[PDB]
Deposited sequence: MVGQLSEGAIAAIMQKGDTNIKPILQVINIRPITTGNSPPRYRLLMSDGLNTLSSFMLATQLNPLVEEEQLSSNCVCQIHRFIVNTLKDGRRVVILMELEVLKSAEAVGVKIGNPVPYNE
């Protein structure tokens, strides 16, 4: 159910840039970038997806132990927004808690669409 996710959080980050929210999001995909691997995440708030999430390196054990993996649901407890020269906003995830594992969720929630920058 999309009622499980923080519908509109991605739009709020993209437009207002406020970090004082603790949104509940679903991981759609993770990709490593290579030095330690740095993880880039495609997340959903049930309404939109956005692929400019970057994982802080302190959180890498969640991915390497597969606690944070595609289709899991997590709650963000601390994030930093950085706005690039061209207007894109990068979201750096500092602290998060996985609320429901990928195994338990099983599937993408809803039919979110890419945020149109």
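The deposited sequence has C-alpha coordinates everywhere except the stretch 35-37.
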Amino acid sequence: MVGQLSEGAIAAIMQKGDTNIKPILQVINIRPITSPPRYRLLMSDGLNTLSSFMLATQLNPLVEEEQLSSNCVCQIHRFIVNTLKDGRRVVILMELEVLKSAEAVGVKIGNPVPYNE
From here on, numbers count along this sequence of modelled residues.
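Two stretches are in play, 60-68 and 22-30, and the higher mean C-alpha B-factor belongs to 60-68. A summary of the deposited B-factors shows that, of 89-97 and 105-113, the stretch with the larger mean C-alpha value is 105-113. In this entry, the residue among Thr49, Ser52, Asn82, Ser35 with the greatest C-alpha B factor is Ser35.
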